[PDB]
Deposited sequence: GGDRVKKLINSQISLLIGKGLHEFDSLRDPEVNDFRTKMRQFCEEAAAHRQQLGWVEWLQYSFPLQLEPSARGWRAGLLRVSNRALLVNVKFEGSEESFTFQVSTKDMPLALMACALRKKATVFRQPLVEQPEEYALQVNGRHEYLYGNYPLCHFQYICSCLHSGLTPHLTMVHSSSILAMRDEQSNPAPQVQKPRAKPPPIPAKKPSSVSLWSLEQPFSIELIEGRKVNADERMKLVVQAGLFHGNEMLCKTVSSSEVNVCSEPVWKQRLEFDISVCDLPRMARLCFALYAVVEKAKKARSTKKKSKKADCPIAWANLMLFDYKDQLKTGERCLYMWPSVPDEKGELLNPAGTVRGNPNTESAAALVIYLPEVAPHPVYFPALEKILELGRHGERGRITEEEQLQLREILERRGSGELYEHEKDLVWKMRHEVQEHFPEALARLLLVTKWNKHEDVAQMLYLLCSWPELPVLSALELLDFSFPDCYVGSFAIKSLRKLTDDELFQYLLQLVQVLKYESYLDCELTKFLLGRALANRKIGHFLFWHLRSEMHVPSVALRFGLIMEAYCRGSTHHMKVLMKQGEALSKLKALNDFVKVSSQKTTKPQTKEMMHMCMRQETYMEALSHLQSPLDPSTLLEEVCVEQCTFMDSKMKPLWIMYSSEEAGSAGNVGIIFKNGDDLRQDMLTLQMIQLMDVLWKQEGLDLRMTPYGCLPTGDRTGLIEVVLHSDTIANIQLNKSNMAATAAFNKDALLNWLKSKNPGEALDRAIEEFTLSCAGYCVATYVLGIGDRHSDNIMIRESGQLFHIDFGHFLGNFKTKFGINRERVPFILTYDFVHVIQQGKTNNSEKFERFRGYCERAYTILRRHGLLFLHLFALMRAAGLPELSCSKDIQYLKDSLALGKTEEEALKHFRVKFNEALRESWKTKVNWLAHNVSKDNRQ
């Protein structure tokens, strides 16, 4: 009672929408989702509270392993929980956590003078001051943390945590106690319009279309030209060239209101069948969306702003004296079960094999694929997507035959399934099949494609769908998936077209984890304080000097409310990272337009690893930066899987709200511009500006350490050269290129990509060529090693080109201005040269790299 009320108020606060607003809609679809998903999520919670302690570690602290894992001597520091005493010992990189734990237990038994009761099977290793653990049958070098410690030269710091301490964690965090006979053409009545705004010199026209995804089910139909006014009256029948029996389940009726002398005013879409498969009848008031002509990919829910929105009043006629439902799967299978099998020649079989292993088709090739659909199922099951595109979705008998084959179709690889989630495959059985083939995704693969799967939610026609249930069950079984599902949904609550669906998904999730809701509320409280702090800085910076604005910012941070809200939270960029004590004296802001905040933290328990920073940005849209950074991280994963480590810096970037988000601070790094300022009285002051970077690296890496710093520079430079080329990242200058003290180079501020439209050439800078060449004019041994790294990295990506295309195609749903149409994805097809052999593509890359070298020489000549 009292606790249910508190939880409801806490969910309302967290999701940024009062739960009463869901009830105020008196919508049965909203109500059924809330009830079904509350039940499904609470069952997930009860399953969790009973997990074994190692399974609970898999839930809460999923393993962070090196892509390769999916000899060498090592020093490790181990302490036991609650002890100020630690033990430093030598293990091998090939040793398993259990060997290290048994070594720590022998040390404790000798130091505490007792033959211990505890066995190493009773413990897990926590990374000090982090929500990260090392457990399982994996050598130590396979863990991201150990791998990171080895490369940086730092000593791993671990805590032996007993099964009883993990079980106390689990307990503390528990939840509190018949259509086919209807042959008449499809038709509607266009009654009237309301709240219409347009030039009175013009006329109003309503264009109407019937769609199955992106494809027209028949020709579009227009109303008559009526004079422009606030309340236009049509009262006319619009008839389509499609029988009511041929309407597919996922048929959408799309509208566009416009003014003619073309002038787009608004658009609205609706599904012809409801969420309970009933064919819609009666009057419908369609609260239209402003047009930026038909928009089939647009949401099928009305504009919530009923006070200002233009509205179309339509009538769906009563086609039968009884409710008509879409036929059940059993009746569809019955109809599709019958149909002649393909009996063709070996030559016509060779023409079919040529096109199925090939990508648009000619009409005769379509009729052949459809004829040979049984052979597609039995010998080319990965060509399901081609066959689905040749199916005539506007003929219920052809759809029945396709659906019969699909229900016996073998499970497809993850790559094929991601393609099948595209809006070009709108059928709910195709969608269900795609999800079934994605269930085999590992948590690491799911995490990698989470952003795209969340965007796919904007294509969903109904609230209760297989994709939401899949995403919810996977989020409730893995805290890190849960974390990022919440934030991707939360960051779009200011968008009216998704606020309902997203708010309901977050409510359902919260029912499944009360503790995690409170952890996320703490993150929201910090973000709330950061926004108020940033507004103060924006105002102050325009009136006083930077050291004055910085002092006032510190004073505001020093307030009890800010110190409490800003300290002891999980990072929204990484729930493994704990943001403990805010280091006020170290906090600052950037001189740029939006004045982003630089917030520093420290943790005594994590030591050096607890020294972390976050950038809070308000005023810019960070979605494209996040997508680019995720794509670079995917490149890094793919290269490491072929044994190529290009020493990339895929730092965190997370939109959290309306033009609001966080960026991970990469410590011990500076921009090329600051280094190239060539300031006097510094360790890097150069005779020639070209020496500055190398002198800076020399000062950070004394003696023998320079060699490895030049090598890290070369590797990351090859990785970023390929990544910016493939992704079309332009506007690259000295202030958006950074360098780490280790020698690693990385890119920041990714506002423009995919050539944005001017095709971006491969980029080579003489300042970077100089470091690669170890400060020598001619050093083709070092330069050509660099070109080899570029070529190897490029050819690895091309081999996974389809994965990038499928993910970028899913991202079209994001609404990013630079990722709107097929032209934007043409850029990625061209940069990866996928319509070529590896020989023709490598030849082409060599032409572009040599062209970039000749361009770079225009700077070398001087």
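- For this chain, the deposited residues without C-alpha positions form the stretches 1-2, 73-82, 190-210, 295-310, 342-347, 414-416, 815-822, 929-940, given in sequence order.
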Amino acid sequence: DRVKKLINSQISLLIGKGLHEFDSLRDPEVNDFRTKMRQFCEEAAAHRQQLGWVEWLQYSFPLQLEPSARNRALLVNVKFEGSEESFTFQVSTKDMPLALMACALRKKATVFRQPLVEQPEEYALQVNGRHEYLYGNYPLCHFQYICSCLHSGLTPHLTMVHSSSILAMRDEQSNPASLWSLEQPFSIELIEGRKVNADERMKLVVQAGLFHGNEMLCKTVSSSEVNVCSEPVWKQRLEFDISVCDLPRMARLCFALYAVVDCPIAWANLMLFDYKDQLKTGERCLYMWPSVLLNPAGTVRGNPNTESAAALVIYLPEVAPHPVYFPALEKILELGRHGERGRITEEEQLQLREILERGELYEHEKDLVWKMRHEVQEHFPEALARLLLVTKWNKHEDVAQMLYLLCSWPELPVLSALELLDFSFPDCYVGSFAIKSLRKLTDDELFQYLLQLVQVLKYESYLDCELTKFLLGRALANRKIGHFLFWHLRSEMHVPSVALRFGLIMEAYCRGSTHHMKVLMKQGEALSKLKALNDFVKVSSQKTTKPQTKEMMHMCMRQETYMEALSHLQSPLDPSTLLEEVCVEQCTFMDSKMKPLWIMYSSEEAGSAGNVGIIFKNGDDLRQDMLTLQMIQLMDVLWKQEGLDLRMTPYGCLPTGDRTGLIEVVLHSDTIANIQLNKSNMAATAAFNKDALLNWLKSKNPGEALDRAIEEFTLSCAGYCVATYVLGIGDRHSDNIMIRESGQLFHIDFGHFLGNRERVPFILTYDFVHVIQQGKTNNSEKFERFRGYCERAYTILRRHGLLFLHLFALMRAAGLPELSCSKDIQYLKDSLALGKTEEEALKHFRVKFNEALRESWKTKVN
From here on, numbers count along this sequence of modelled residues.
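Here, rigid core means the biggest group of C-alpha atoms that superpose within 1.5 Å across both forms.
- Here 636-644 and 187-195 are scored by the root mean square distance of their C-alpha atoms in 7 other deposited structures of this protein, with each structure fitted by the rigid core; the higher score goes to 187-195.
- Remark: when the other structures in 7 other deposited structures of this protein are fitted onto this one via the rigid core, 76-84 deviates more than the alternative among 76-84 and 777-785, judged by RMS CA distance.
- Omission of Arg812 is seen in none of the other entries compared for this protein where the adjacent residues are built, far below a third.
- Where the other entries of this protein model the residues before and after it, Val117 is dropped from at least a third of them.
- In this entry, 115-123 has the higher mean Cα B-factor, the comparison being between 115-123 and 592-600.
- The PDB entry reports B-factors from which the mean C-alpha value can be compared for 376-384 and 564-572; the larger average falls on 376-384.
- Within the listed group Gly129, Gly788, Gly512, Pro232, the record reports its top CA B-factor for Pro232.
- Remark: of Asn227, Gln773, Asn77, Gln586, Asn227 shows the highest value [criterion: C-alpha B-factor in the PDB entry].
- For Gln64, the recorded CA temperature factor ranks within the lowest third of the chain's modelled residues.
- Per the PDB record, residue ranking by Cα B-factor puts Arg252 in the middle third of the chain.
- Compared with the other modelled residues of the chain, the Cα B-factor recorded for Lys836 ranks in the highest third.
- Split the chain's modelled residues into thirds by C-alpha temperature factor. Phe433 is in the middle one.
- Residue-level temperature factors show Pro304 in the middle third of its chain, judged at the C-alpha atom.
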